[PDB]
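So this first bit is one chain, no partners, the form deposited without the partner chain, shown in structure tokens.
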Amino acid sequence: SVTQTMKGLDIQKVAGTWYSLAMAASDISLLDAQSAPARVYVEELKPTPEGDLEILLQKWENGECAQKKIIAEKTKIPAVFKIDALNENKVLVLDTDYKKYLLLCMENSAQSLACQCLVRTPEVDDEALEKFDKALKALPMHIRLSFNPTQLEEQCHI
């Protein structure tokens, strides 16, 4: 369903600070409410020395903006990670230059699909957004969002 992975991914090199500039999802209800399931705001990507990928992120739960840490285990494919939860959830890195931008998707085999355009600073990278839009033409997305520099510096983008 996501036929776009980064060739030659060096995962150690995605470590550190990231900003969820834009999001997009297969279904409107995955992103429309602040508490919508795919509305996760990346804080930080932390590769483990064994090539697993730890994602630190914020999520609006009930009232507060909550901190969450989730581990995405490595696979044979360098650009694909698994969170064995209620379903097979895969994290796929589509593309990155390591230092400005990183596109990735999360897909639950059930059909549910959300992708993000991550950037290193709180700025609108119009180039990174072009690349994001190009990889989404291929996908059955029905909601897209984008954040301004002010919202990027707030918790949960409020």
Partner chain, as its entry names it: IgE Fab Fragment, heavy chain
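Positions refer to the first chain, counted from 1.
**Student:** Quick one: classify how much of the deposited chain lacks coordinates between residue 110 and residue 111, choosing none, 1 to 3, 4 to 9, or 10 or more.
**Tutor:** In the deposited sequence, 1 to 3 residues between these two have no coordinates.
**Student:** Compare the mean C-alpha B-factor of 6-14 with that of 20-28 as given in the PDB entry, and name the stretch with the higher value.
**Tutor:** Mean C-alpha B-factor is greater for 6-14.
**Student:** Comparing 113-121 with 53-61, which has the greater mean CA B-factor as deposited?
**Tutor:** In the deposited entry, the stretch with the higher C-alpha B-factor mean is 53-61.
**Student:** If you rank the chain by CA B-factor, which third does residue 131 end up in: lowest, middle or highest?
**Tutor:** Middle third, going by the recorded CA B-factors of the chain.
**Student:** Where does residue 85 sit by CA temperature factor within its chain: lowest, middle or highest third?
**Tutor:** Its C-alpha B-factor belongs to the highest third of this chain's values.
**Student:** Can you tell me which third, lowest, middle or highest, the CA B-factor of residue 158 falls into for its chain?
**Tutor:** Ranked within chain, residue 158 CA B lands in the highest tercile.
**Student:** Ordered by C-alpha B-factor within the chain, which third holds residue 66? Give me lowest, middle or highest, please.
**Tutor:** For residue 66, the deposited C-alpha B-factor lands in the highest third.
**Student:** Quick check on the deposited entry: does the C-alpha B-factor of residue 45 sit in the lowest, middle or highest third of its chain?
**Tutor:** Within its chain, residue 45 is a middle-third residue by C-alpha B-factor, going by the deposited values.
The next section is about a form of this same protein that is not shown, the form deposited with the partner chain bound.
**Student:** Are all three of 5, 81 and 95 close to the partner chain in the bound PDB entry, meaning a heavy atom of each within 4.5 Å?
**Tutor:** No: none of 5, 81 and 95 comes within 4.5 Å of the partner chain in the bound PDB entry.
**Student:** So, in the bound PDB entry, is residue 44 in contact with the partner chain at a 4.5 angstroms heavy atom limit?
**Tutor:** Residue 44: contacts the partner chain in the bound PDB entry.
**Student:** Looking at the partner-bound form in the bound PDB entry, is residue 123 within 4.5 Å of the partner chain by any heavy atom?
**Tutor:** Answer yes; at least one heavy atom of residue 123 falls within 4.5 Å of the partner chain in the bound PDB entry.
**Student:** Counting only non-hydrogen atoms and a 4.5 Å cut-off, give the residues of 122-158 close to the partner chain in the bound PDB entry.
**Tutor:** Result: 122, 123, 150, 152, 153, 154, 158.
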